[PDB]
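One chain is shown next in structure tokens, namely the form deposited in one PDB entry.
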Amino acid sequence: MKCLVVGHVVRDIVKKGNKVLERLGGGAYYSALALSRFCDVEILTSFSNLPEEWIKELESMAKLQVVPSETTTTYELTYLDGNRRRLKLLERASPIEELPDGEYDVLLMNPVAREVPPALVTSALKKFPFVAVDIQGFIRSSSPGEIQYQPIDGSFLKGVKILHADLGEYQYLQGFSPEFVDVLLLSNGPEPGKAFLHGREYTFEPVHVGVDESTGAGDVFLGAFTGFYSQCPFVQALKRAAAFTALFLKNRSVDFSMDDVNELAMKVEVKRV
């Protein structure tokens, strides 16, 4: 199984109380990280400078296809509480305007700052047989500074197999209903989420875990779900995605056994409404 994940990798400047660190980030990184546990991954991205050790982490999990750039997408993430963060765009890498040809079983589009046009999703749906999308990088302004949401028309998503948005983001998706996609994952941090299978609503309860930051969890959840959904029934896939993302949150290396994911997946509550 061979997957292409599309989006900018990000230099995260992460601020948590009085502490400051830098770390690799981005939808494409975190979704690839999760999918690396299921198949061969290639990442189509753009960046200019990254730390040698970060290029090494990315290359140990995937093949990189990098659109040349003078700049690296850089986000300051100021976490007031564990899930609540202010996101500020400080710098942005190049647009991703061209897809590669190849035997890609799955394409997962996870931009973070408007680098993938909706036209490219349209092109992907024609060139490839299975498209997954996170909406986050389609509804943020690309303008410098504090992120602002701009609504978009959602008819271009018709044909997408799996779509993830959080509660707040979903409100910015207009002309949309869940049946446009095969699976709509509507998350809400540690709080109950929704999942829709051909429009049919379910609820799900994440397992409780105490985080100081949530960075990447929605990307991991989307990537993990995409992986399990290819090998499990819908409900089980959703449980295992949840457990996977719970484990990730306390083990960002994601080097835990898949057996550990399966045992904990059983304790995850899922109901057809």
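C-alpha atoms forming the largest set that superposes within 1.5 Å between two forms make up the rigid core. Just count from 1 along the sequence shown to find any residue number.
Form deposited in another entry: not shown, discussed below.
Looking at CA displacements between the shown form and the other one with the core superposed, a shift of 2 Å or more is confined, among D40, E59, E53, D212, to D212. Once the rigid core is used as the reference frame, the Cα position of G82 differs between the shown form and the other one by 2 Å or more.
The Cα shift for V14 between the shown form and the other one, taken after rigid core superposition, is 2 angstroms or larger.
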